[PDB]
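Undergrad: Got a structure for you, questions after.
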Amino acid sequence: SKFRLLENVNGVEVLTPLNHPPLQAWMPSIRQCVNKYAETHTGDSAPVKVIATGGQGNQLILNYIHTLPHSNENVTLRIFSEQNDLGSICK
Numbered sequence: 014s015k016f017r018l019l020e021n022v023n024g025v026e027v028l029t030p031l032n033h034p035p036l037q038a039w040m041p042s043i044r045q046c047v048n049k050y051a052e053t054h055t056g057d058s059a060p061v062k063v064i065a066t067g068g069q070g071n072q073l074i075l076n077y078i079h080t081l082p083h084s085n086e087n088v089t090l091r092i093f094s095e096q097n098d099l100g101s102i103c104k
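In the deposited numbering, the protein residues as written are 14 to 104.
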């Protein structure tokens, strides 16, 4: 339950478990997903953090975590390396 910070993307902490394998290769995809998600979840509804896991094959899991009063907006999403249209899945 201890997380390391991959990057802060416009106020959103992108985190992964401390000993999770490297995810640097997924950063451009993660940045696009966060960028698109942050377009629609603004103000007090902006996510506080996103937990990234998996990614050793062609699939990555992203868990967007909001403040407690906006936790009905929390989502787990699955993205592909090859399959595109991050704009549809991350909005």
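Think of the CB as a built atom: it goes at the ideal place given N, C-alpha and C, for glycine as much as any other residue.
(1) Strictly by DSSP, which residues pair up with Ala65?
(2) In terms of DSSP beta bridges, what is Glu52 paired with?
(3) What are the partner residues of residue 105, as DSSP defines its beta bridges?
(4) On the CB-based measure, 16 or more other CB atoms within 10 Å of its CB, does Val61 come out buried or exposed?
(5) What residue from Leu31, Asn71, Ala59 has the CA that sits closest to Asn85's CA?
(6) For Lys104, which residues in the same chain have their Cβ closer than 6 Å to its Cβ, ignoring the five residues on either side in sequence?
(7) Residues in its own chain within less than 8 Å of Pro34 by CB, not counting five upstream and five downstream?
(8) So, helix, strand or coil for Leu31, using DSSP?
(9) Do you know offhand how far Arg17's Cα is from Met40's?
TA: Result, derived from the coordinates:
(1) Your numbering for residue 65 matches position 52 in the sequence shown. Answer by DSSP bridge pairing, in chain order: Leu75.
(2) Taking the first residue of the sequence shown as position 1, residue 52 is located at position 39. According to DSSP, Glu52 bridges with nothing at all.
(3) An answer regarding residue 105 cannot be provided, because it is not within the stretch 14 to 104 covered by the chain.
(4) As a working note, residue 61 is residue 48 in the sequence shown. When all chains shown are included, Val61 counts as exposed.
(5) For the purposes of this step, residue 85 is taken as the residue at position 72 of the sequence shown. Taking only the C-alpha atoms, the option nearest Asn85 is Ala59.
(6) Here the question's residue 104 lines up with position 91 in the sequence shown. These residues qualify, in order along the chain: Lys49, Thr53.
(7) Looking up residue 34 in the sequence shown gives position 21. Within the same chain, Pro34 has close Cβ partners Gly68, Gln69.
(8) Residue 31 sits at position 18 when you count from the first residue of the sequence shown. In this structure, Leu31 counts as coil in the three-state DSSP scheme.
(9) Start at 1 with the first residue of the sequence shown, and residue 17 comes out as number 4. Start at 1 with the first residue of the sequence shown, and residue 40 comes out as number 27. Taking the straight line from one Cα to the other gives about 14 Å.
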